[PDB]
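> Chains as they are written, first to last, in the entry's author numbering: chain C, 299 to 348; chain A, 795 to 844.
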Ligand SMILES: *[C@@H]1O[C@H](CO)[C@@H](O[C@@H]2O[C@H](CO)[C@@H](O)[C@H](O)[C@H]2NC(C)=O)[C@H](O)[C@H]1NC(C)=O
């Protein structure tokens, strides 16, 4: 190549570590117990759980 | 008497330079993989600004 000033590839500072945070001691949702419930609603009155 | 008045004439402007693939696809590798098959789009923008 010729003589000149070249603006080269963009660099980012690479991340050193990770900061992972959660909430400890939470209950279990138990969606499998609601799905395996005995009574099953019709499509006319479908059911919702939050 | 002798009057005096001032006048500004603009001879330059700020020299803006643009990193095209850092503007478009900042740090994400899938973006750079999709951008690499656009050919010579970023090189023309850098050449016009130079
Ligand atoms: C399956 O769903 C029924 C909903 O009809 C649940 O019955 C409710 O049970 C709770 C406590 O277990 C009672 O406080 C509610 O009053 C009941 N609902 C009605 C309409 O009476 C039943 O518990 C579910 N099964 C399981 C294993 O959780």
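All C-beta atoms in this analysis are idealised placements derived from N, C-alpha and C, irrespective of residue type, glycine included.
If you measure beta-carbon to beta-carbon, which residues of the stretch 314 to 329 of chain C are closer than 7 Å to chain A?
The stretch 314 to 329 of chain C vs chain A, Cβ under 7 Å: nothing.
> Roughly how many angstroms separate the alpha carbons of residue 797 of chain A and residue 803 of chain A, rounded to a whole number?
Their backbone Cα atoms lie some 20 Å apart in a straight line.
> Any contact between the stretch 807 to 817 of chain A and the stretch 831 to 843 of chain A? By contact I mean 3 or more CB pairs, one from each, below 8 Å.
Judged by Cβ distances under 8 Å, the stretch 807 to 817 of chain A makes contact with the stretch 831 to 843 of chain A, as three or more pairs qualify.
> Looking at the C-beta of residue 816 of chain A, does it have a partner C-beta in chain C at a distance below 8 Å?
It does: the Cβ of residue 816 of chain A has a partner Cβ on chain C nearer than 8 Å.
> Smallest Cα separation from residue 313 of chain C: which of A/842, A/829, A/821 and A/827?
Out of A/842, A/829, A/821 and A/827, A/821 has the C-alpha closest to the C-alpha of residue 313 of chain C.
> I need the DSSP call for residue 836 of chain A, collapsed to helix, strand or coil.
Three-state DSSP puts residue 836 of chain A in a helix.
> Does residue 838 of chain A come within less than 8 Å of chain C when only Cβ atoms are used?
Not one chain C Cβ lies under 8 Å of residue 838 of chain A.
> Please report how far the alpha carbon of residue 348 of chain C lies from the alpha carbon of residue 827 of chain A, in whole angstroms.
C-alpha separation (whole angstroms): 40 Å.
> Using only the heavy atoms of ligand 1, determine whether one of them is closer than 7 Å to the beta carbon of residue 335 of chain C.
Yes; taking the cut-off as 7 Å, the Cβ of residue 335 of chain C has a heavy atom of ligand 1 nearer than that.
> Let me know the secondary structure DSSP gives residue 341 of chain C once reduced to three states.
Helix at residue 341 of chain C.
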